[PDB]
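So the sequence lines, in the order shown, correspond to chains A, B and C.
Taking the deposited numbering, I'd label the letters of the first sequence as residues 40 to 439, 445 to 658, 664 to 700.
Taking the deposited numbering, I'd label the letters of the second sequence as residues 29 to 656, 667 to 678, 680 to 700.
Taking the deposited numbering, I'd label the letters of the third sequence as residues 10 to 42, 66 to 131, 135 to 182, 211 to 308, 325 to 377, 388 to 610, 619 to 638.
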Amino acid sequence: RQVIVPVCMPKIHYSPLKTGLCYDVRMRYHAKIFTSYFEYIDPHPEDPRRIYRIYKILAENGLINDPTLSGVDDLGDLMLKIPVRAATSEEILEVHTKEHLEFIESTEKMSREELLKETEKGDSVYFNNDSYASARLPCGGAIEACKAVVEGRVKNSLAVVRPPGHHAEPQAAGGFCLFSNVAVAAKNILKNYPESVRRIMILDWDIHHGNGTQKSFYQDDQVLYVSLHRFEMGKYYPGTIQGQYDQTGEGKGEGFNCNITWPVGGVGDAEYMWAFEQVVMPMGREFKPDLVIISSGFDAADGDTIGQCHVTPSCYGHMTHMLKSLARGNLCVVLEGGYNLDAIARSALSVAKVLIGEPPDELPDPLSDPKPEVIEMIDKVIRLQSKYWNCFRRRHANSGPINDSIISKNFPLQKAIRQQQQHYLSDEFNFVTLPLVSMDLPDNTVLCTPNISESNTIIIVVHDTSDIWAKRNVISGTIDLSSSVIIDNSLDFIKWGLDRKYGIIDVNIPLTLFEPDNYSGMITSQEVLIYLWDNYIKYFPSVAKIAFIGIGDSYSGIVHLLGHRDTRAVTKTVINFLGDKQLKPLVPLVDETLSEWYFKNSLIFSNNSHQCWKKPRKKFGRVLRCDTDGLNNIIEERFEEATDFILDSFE
Amino acid sequence: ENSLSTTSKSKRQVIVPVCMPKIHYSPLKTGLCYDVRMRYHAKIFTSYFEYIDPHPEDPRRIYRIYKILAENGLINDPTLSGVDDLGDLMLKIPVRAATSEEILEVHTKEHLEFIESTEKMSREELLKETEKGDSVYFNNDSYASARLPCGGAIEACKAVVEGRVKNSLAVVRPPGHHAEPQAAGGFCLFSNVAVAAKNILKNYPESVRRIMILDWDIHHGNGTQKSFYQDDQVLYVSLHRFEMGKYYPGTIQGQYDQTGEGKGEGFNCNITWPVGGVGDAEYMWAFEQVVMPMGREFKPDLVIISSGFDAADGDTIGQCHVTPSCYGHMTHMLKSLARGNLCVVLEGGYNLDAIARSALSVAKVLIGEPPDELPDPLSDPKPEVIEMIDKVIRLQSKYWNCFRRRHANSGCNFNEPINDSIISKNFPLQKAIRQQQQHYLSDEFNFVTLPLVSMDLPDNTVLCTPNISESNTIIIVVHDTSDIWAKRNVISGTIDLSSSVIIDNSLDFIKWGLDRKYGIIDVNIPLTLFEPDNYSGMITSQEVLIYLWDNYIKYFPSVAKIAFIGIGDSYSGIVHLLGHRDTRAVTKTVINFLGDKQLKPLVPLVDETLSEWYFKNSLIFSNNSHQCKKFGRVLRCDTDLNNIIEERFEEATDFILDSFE
Amino acid sequence: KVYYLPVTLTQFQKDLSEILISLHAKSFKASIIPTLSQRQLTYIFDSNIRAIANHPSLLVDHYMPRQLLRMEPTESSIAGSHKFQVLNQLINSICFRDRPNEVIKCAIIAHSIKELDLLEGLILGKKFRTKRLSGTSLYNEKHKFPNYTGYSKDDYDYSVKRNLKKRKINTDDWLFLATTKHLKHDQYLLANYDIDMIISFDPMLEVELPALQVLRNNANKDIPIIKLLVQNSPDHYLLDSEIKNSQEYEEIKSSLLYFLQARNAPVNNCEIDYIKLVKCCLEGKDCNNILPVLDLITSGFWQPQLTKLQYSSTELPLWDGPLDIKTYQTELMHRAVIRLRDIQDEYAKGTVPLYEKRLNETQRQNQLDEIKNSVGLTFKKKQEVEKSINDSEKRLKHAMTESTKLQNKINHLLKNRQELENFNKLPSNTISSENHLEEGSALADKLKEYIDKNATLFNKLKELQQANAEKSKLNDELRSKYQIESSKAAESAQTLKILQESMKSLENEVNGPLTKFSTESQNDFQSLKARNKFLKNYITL
Ligand SMILES: [Zn+2]
Ligand SMILES: [Zn+2]
């Protein structure tokens, strides 16, 4: 009977409430004027229809109770209407100058030809007679949505609003924008509530760059701006030096600006997840904000012909989930861009579902392994941001010019590797040194199987020096050489050829130190191979079915032996694992049926990230494109097909 | 006011008729398992009146947790007894006793017979069976109270899978992650999580085939790992202290390289904190870097959390500093992982206030709140944690795919063991450099080897001039492997052999000493070798130097004027020699090129004038960007590693020659 | 080889059969001792008894809507019948057996399409490769039984062999489904797919069949047959007449009379092991774990009796009158409905004692725990007062030494007074000595105070020790009483759990496919569709 704990009401603040939604049908009249027929077949840079589509996709899923698709007040049970109102001149003058306002006020009252002149002069903008009030409405809408979020009337808010505002600069407008929205809202909050909101975090994931908002808060330390976009300095809009990755603030607000540039288009989900999990979240947790604003934009979704990316609507949900985790829950999503209505509809639906309380769905492919450019880009970004922040020092080994006179006192190491190599070969296969006399070269340049003068089949393996994998100690900086491995790459072919009783000859060819391309190496390769053919191979009595295998470089020697001699009477196959180097061309002198013969019996395996396919001509001989990178991986993958081609070439 | 102002007076037309919202998460409630019969199992106070400090596994735990909920309005049960009409935020799930089939799915019949027989033993029999097992107590009323947790866990997980709740909290005792399939141990009687998981996998093979079990309790989940070792349908991730024999349980099965077996290889993962005292930073780091990519790659259909709050702040058994916001953050991430399915079973916790607050935070996050803020986001995790996490990522890259080409491990294939045979294409680099050095030194000045018989070390470690026992003067270079200067590619890890620049700094001294007709002895202790995984460069160097001083050098007839030169951290091996033996009889000086490494604290064990003699007769060069009496005459060299060697060479050899006179 | 597994009824099927007996007893008694006739009456009697024996959801004269079948868990499905529980145990034993590489195939034979649909709904998601040899399948998957242009103008195409290292191959045992009707209408259905074991869900398969003779001929080893046997039923009698070593109406009547007589048969068996049994069956030996029961020995049974519930007190009208088909349906419907209301009310009244038992348990646990706390505190306080009694003993010793010294000085100075008094010549020694005696008396009073305080402290210690010695006995007594009550508490909890199960069973029966009228008769997802890899964990190819 003893009532130990009397009943009470729950003590929470998040989710007894509803989600604020901001939308109005008066935001659909700022539109272009017809100039040429080309507008009918182009994505229409910023079109009104976007807005209503988003609204409709919500109504069809029950998150809104609206049968006739018009602005009502009884929005159901899961959301809450936030009414809009045109912003006063003071809220606008908080960011812009006083001549911009006069410019738009003049725009309000012009004639038709003057409007055309204005659209033609400006940096990719378009005006219209109804571009004053329809420009004032977004700022007031954003202000009211963020106000509602701060004063605790709702949990988090979403504002379907146009025209966008992350392109307009303080001086003048540019980029189909008229007034900046996010900057105006942030400044009026930070001046209105100096007790609860003292730091704000703006995030931009539209594929263009937000020069306007960045310039607004370039010299301020109360607003942290992070942006992800495509740079491509010359051509991709806006194409200036501000969007570059090295601009990290100026003045009292240094270190409070972050840019993340994709070096090439076509990035998908894995790149964004990697960038968010590696850069945005620790910086956000360290900055410790009190309100997170998102300048959303869906011109990077899968199925867009301007961004040309492949981001699926589940990555948006995952990012929204993390950003909801960041602050105490306050989150306002404003909407800026988009070019293909269906993709932005799906993406907006996903973001709305995650805002209501759902967990995000699963990605369609968790095995993607992002492009090699993005990883180097992210490392370069982490360097500067480690100079300025703290969550990037001591964890990525950063902590905040070799010589040119000591090159004569240098540990060789090349010979070293080969030396080691030779030893074990001998001690298990009894190889023999083959002398290339009248040539000054290291003695162990070519080793052959004992009694090579009696075998029918011969496999000639020409390769450069084997690779090295070096472990980088994580506590402080430099490479640790005492725990490195040597990836021998021409061992499996030797073993496979010795388990089927074939003659084996192995040729090593060094790399020229301090050279971009191993030019002298190619010359040494051609000389050694030509000599080895001229003085030894023509004289073995019992000979048939010779097969070459060139690993990496030093395949130029093989191609030169093919060209400057006639050897198709006995040899039957050439195989070359390029890796990443440039292709070697054939130059025939003896005949051209030799060139066609070379195109027929040949195999060349290259990386996926090679310079080509950005279709090679027949003077290279049937190149093929792997699905992985690196020498080791492509060898371990296509060793089977290579050895099958070899075995099929014989009887 | 405005002019946009749609002025049309007509009735609009329906376009999208009203429908029920197509949402599958939070129109629902959260399940909560609780029953008053679980407070029956208790110890038997036997020795004397130890009532002052009770046993850490206490019934009140459940109560306290429950009570906290009733104080935050999440439950409207006033009398604190399990009722049905909890409230609007939760939904009570009935607890039933588990049958013999479900409990024999993983355990063996002998265990069932043992427990069901101890149900009705005498008093002294219970005392003996308590003192015999490894930290397990039995009591006359222990059968039903042990059958109840498995049934509760199965019922909660079934409610999750069928879709009657969103997630679930199973406030449940006794714990269940230390019981092996054939014997009890560690306050556990029947392994709850394994029984639950196997019954879900058997009775639902159309919505559940892969399950992810995460164990963030600070001890190791022995039983729950052993049950799913040979299985590839259950991925078991665990975070714990290891400490190899001191912490409980202290067995090899908890090491970080027990990465599966059979066809269940790569479906088990341990993350071991080396030293106790971790906090929020280490957990957030290990969760962002390891757990979440592996989870997203595995694609599970159900996520079970074998939670336990004995690592929270203010505790005594765990000794950590985890705060109630870290648990919320981890719960948030794990909610993100699957499509929302989540069961939280309670295992640990032995300080009522900490477990109360932590459980309150976890329940708040489960209900729908977002997590709170961390006390300090500038914490800079300890170095050993970073090194251990890197070592873990290496192995898990050899199995999983999300840990190579993003952490620069796509260069080599770690499935082949780094060896000297022709079985594997991989070979260690140290042996090659040492062989080249041996070749050069031998063919040039007849440098023989010195055998360290009865040790596990490569033969060509110590090289020496011939007839070293008749050399009236000996130089001893305890050097270290060189440092390279090349551009390490960041996608694969392979270095470019055309632009590498390596200098053998430890050779100039060997050349200089030969002209003076002094015997030379070169040592080369590598740095952890990547091969044994327990190698210590400090301990090994210490062993080699104690060996060389006790066995060989201490009996040479014509010995006089032995100097010492040290490069890199290996110089420490020199220090530990002089601080543990009286070596001042023949030794004259000691030189060190410390580079950027920190100083070496010399501590003696025999006398105390050793500190004075070491201060008088030492030279220790150091970096100019270092800024940092018993350390022995630190000098701030001008230039800078190799720079201070090439520049201060003349001063070092001049001082050595002067000291030799 | 033929085999038999004893299977019995469940409480739900027992009650439903009692309802049917109530509806059918009078005309049957009249017989033995377009409305209808006794022929169709006995026919419907036998058919409905068998239908109730096979998962009472078949009692309705309808078909399952073919959508809810793949939308209900295995627990709620097999909670109805016991045959389904036994068959599910058998299938689970055959699927998780210890395997090299064996692709052993099995066949399952039903009697009609209803039971076949129920089976295919039960065994849909499991790890098998199944083929329904009867028309109108349910989610047909296409398991087929056994029996790179790189350049222009070139031709290499190594793609094919490539896929021969990429395609994953199944290793799931084959399992086919069939009905005895379509099995007898046609032939050669089993001689094609070489099978090993047939599980006959029907117990009257008539073992000598053409479509089975061809199989016994073509096969190599001997094939075992497993018939599920109802322990007492109108088919077990005939099946026993076969186990050893016109007229169908009389056999029907004798079977039903035996069923009525043996309705209340006391003894049924248990303890069937499955792993050794499936091993014996697969290897082809005589299995001995199967039980040899084979029969049960022969006014007073014409009265239906349901299961007695605590405070229920209901009755049955026995329907001593004529009938008609629609009247039959409506009568059975309202009888099931009134029994449903009674069992609902029965559940909703046992809630009250559970509440009080829980409350008393909570209060008793809290009392025990408070008692333990008090014990600890009292022992701590006594441990504290120990060192104080020791120091008090020290002070008492000190005071006693002072006492002895003072009395010695008293005796000395008193003897000196005795000297100086006789022939006085009076010095001041007697004055000084008297002063010293006064000092001695003063410090004697002081020591007396101190020894009194010591004795008080000693008595306080002893009293506190007594209190701590009583508290433990109190705790032990409370523990004993707690256990004594805990026994019955657990009993009542288990009983009400079982009652909840039975109530849920009857509710789900009358909720879905339901008797012919609607007189009484999605979120939240109770019908197992929390969709995370359900449709895609169907094979969908
Ligand atoms: Zn854009
Ligand atoms: Zn624990």
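Beta carbons are placed, not taken as given, at the ideal position from N, Cα and C, and that holds for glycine.
Asked: So if I threshold CB-CB distances at 7 Å, which residues from the segment 445 to 470 of chain C count as touching chain B?; Found: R447, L448, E450, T451, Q454, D458, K461, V464, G465, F468 and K469
Asked: Does any C-beta atom of chain C lie closer than 7 Å to the C-beta of B:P233?; Found: yes
Asked: Going along chain B, which residues have a C-beta under 9 Å from A:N167?; Found: Within 9 Å Cβ-Cβ: nothing; A:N167 doesn't reach chain B, min ~13 Å.
Asked: So B:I595 and B:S534 are supposed to be a Cβ contact under 8 Å. How far apart are they, rounded?; Found: 6 Å
Asked: CB A:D259 to CB A:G292, shorter than 7 Å?; Found: yes
Asked: Let me know if B:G623 comes out buried or exposed under the rule of 16 or more other beta-carbons within 10 Å of its beta-carbon.; Found: buried
Asked: Could you give the distance in angstroms between the alpha-carbon of B:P409 and the alpha-carbon of B:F315?; Found: 13 Å
Asked: When DSSP labels each residue in this structure, what does A:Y580 get in the three-state scheme?; Found: coil
Asked: According to a CB-to-CB cut-off of less than 8 Å, which residues of the segment 86 to 110 of chain A neighbour chain B?; Found: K95, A98, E99, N100, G101, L102, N104, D105, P106, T107, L108 and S109
Asked: Per the DSSP calculation, C:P15 is bridged to which residue(s)?; Found: C:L292
Asked: Quick one: grab the DSSP three-state call for B:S335.; Found: strand
Asked: To the nearest angstrom, how far is the alpha carbon of C:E271 from that of C:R279?; Found: 10 Å
Asked: Start and end of the alpha helix (DSSP H) containing A:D697?; Found: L680 to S698
Asked: Give me the residue from A:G110, A:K625 and A:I504 with the minimum Cα distance to A:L576.; Found: A:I504
Asked: Using alpha carbons as the reference points, say which of B:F295, B:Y232, B:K274 and B:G290 lies closest to B:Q261.; Found: B:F295
Asked: Report back the beta-carbon spacing between A:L680 and A:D511 to the nearest angstrom; my notes put them in contact at under 8 Å.; Found: 7 Å
Asked: What does the alpha-carbon distance come out to for the pair C:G112 and A:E690?; Found: 59 Å
Asked: Under three-state DSSP, which class holds B:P456?; Found: strand
Asked: Counting only Cβ-Cβ distances shorter than 8 Å, please list the residues of the segment 426 to 444 of chain B near chain A, keeping chain order.; Found: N429, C430, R433, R434, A436, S438, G439, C440 and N441
Asked: Confirm, please, whether the CB-CB distance from B:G180 to B:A125 is below 7 Å.; Found: no
Asked: Are the segment 392 to 409 of chain A and the segment 345 to 359 of chain A touching by the rule of at least three beta carbon pairs closer than 8 Å?; Found: yes
Asked: So B:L457 and A:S528 are in contact, right, with Cβ under 8 Å, and what is the actual spacing, rounded?; Found: 4 Å
Asked: Helix or strand or just coil, what does DSSP make of C:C359?; Found: helix
Asked: Output yes if chain A places a C-beta closer than 7 Å to the C-beta of B:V221; else output no.; Found: no
Asked: Taking buried to mean at least 16 other C-beta atoms within 10 Å of its own C-beta, is B:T351 buried or exposed?; Found: buried
Asked: Might you give, ordered along the chain, the residues of its own chain that have their beta carbon closer than 6 Å to the beta carbon of C:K446, omitting 5 neighbours on each side?; Found: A578
Asked: Among residues of its own chain, excluding the 5 on either side of B:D508, which ones have a beta-carbon nearer than 6 Å to its beta-carbon?; Found: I595, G596 and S598
Asked: Please state the DSSP three-state secondary structure of A:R151.; Found: helix
Asked: Who are B:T58's beta bridge partners in DSSP?; Found: B:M118
Asked: If you compare alpha carbons, which of C:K332, C:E596 and C:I110 is closest to C:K38?; Found: C:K332
Asked: Would you list the residues sitting across from B:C348 in a DSSP beta bridge?; Found: BP columns for B:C348 are empty, so no partner.
Asked: Taking 6 Å as the cut-off, is the CB of B:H247 close to at least one heavy atom of ligand 2?; Found: yes
Asked: Where do the ends of the alpha helix (DSSP H) carrying B:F669 lie?; Found: That residue, B:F669, is in no alpha helix (DSSP H); it is neither H nor E in DSSP.
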